[PDB]
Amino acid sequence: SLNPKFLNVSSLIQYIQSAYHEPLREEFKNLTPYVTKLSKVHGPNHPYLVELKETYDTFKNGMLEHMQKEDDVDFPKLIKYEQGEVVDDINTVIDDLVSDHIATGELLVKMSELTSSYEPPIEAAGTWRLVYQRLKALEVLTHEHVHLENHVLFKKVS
């Protein structure tokens, strides 16, 4: 099995973008209608599901803006720094990306708290259980993703 420590900065970035950023965008497109439906249908009975929709939307919009910043501005800066060019704001860039990750992590903590980890009541059927499983999988994937960035990619440039 392949050890990410041997990748250099630009391969680690290509890997992140293929394994994490693009599947994340696609899962967001696919999953948001279901979160919205769950809120619309059972939110009146259960107000924590409306809070879940809004926390999920905030989580999603933050992640999309964060991945666009990484793809368009900041990952290219890490690559330039690895090649020997002068990059000021390199620790500014790293610190803002770490701040973004910490915020995303606390939103995941909140979503999981809202759903009692991701345990659906016996009242739940179909769309409800789908949303819970997908949100749990999105949390696992996001944890792996930001751990790769924080403890491998950023350590190679700091």
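Note that residue numbering begins at 1 and tracks the sequence as displayed.
Chemist: Name the higher of the two by mean Cα B-factor in the PDB entry, 98 to 106 versus 122 to 130.
Modeler: In the deposited entry, the stretch with the higher C-alpha B-factor mean is 122 to 130.
Chemist: If you average the Cα B factors in the entry, which is higher, 41 to 49 or 54 to 62?
Modeler: Averaging CA B-factors over each stretch, the winner is 41 to 49.
Chemist: Sorting the chain's modelled residues by C-alpha B-factor, tell me whether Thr32 ends up in the lowest, middle or highest third.
Modeler: Bottom third by C-alpha B-factor.
Chemist: By its CA B factor, does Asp89 count among the lowest, middle or highest third of the modelled residues in the chain?
Modeler: CA B-factor rank for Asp89: highest third.
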